[PDB]
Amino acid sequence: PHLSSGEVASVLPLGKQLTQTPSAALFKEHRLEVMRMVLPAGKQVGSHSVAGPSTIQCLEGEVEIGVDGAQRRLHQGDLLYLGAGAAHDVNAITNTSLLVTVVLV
């Protein structure tokens, strides 16, 4: 259940289905991985980083992403840019779903 080139996935908000939907990869290839992370309200991910640059898009709900020098409160439609190796943590304020795109080096 992964997209190949030319294929499509819907990242619309899950809404009432959020609580029944696990996080899943849309696709993973040599240079890129795209995943939908589903976080229930309160879920935390400790400080960490990835070697390539990445983007986190808040599809619904509210999530706090701690970064060097700030705590970014993302709401629906917010797209956060993380440079290569930029440390960050995640705190789901509400039930939320995130589209996470990671460049692999």
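A residue's number is simply how far along the shown sequence it sits, counting from 1.
Colleague: On mean Cα temperature factor in this entry, is 93-101 or 14-22 the higher one?
Modeller: Comparing 93-101 with 14-22, the higher mean C-alpha B-factor belongs to 14-22.
Colleague: Averaging only over Cα atoms, indicate whether 66-74 or 23-31 has the higher B-factor in the PDB entry.
Modeller: Higher mean C-alpha B-factor in the PDB entry: 66-74.
Colleague: Within this chain, which third does the Cα B-factor at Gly61 fall in: lowest, middle or highest?
Modeller: It falls in the middle third of the chain.
Colleague: In terms of the CA temperature factor given in the entry, to which third of its chain does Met37 belong: lowest, middle or highest?
Modeller: Middle third.
Colleague: When the modelled residues of the chain are sorted by Cα temperature factor, does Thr55 land in the lowest, middle or highest third?
Modeller: Within its chain, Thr55 is a lowest-third residue by C-alpha B-factor, going by the deposited values.
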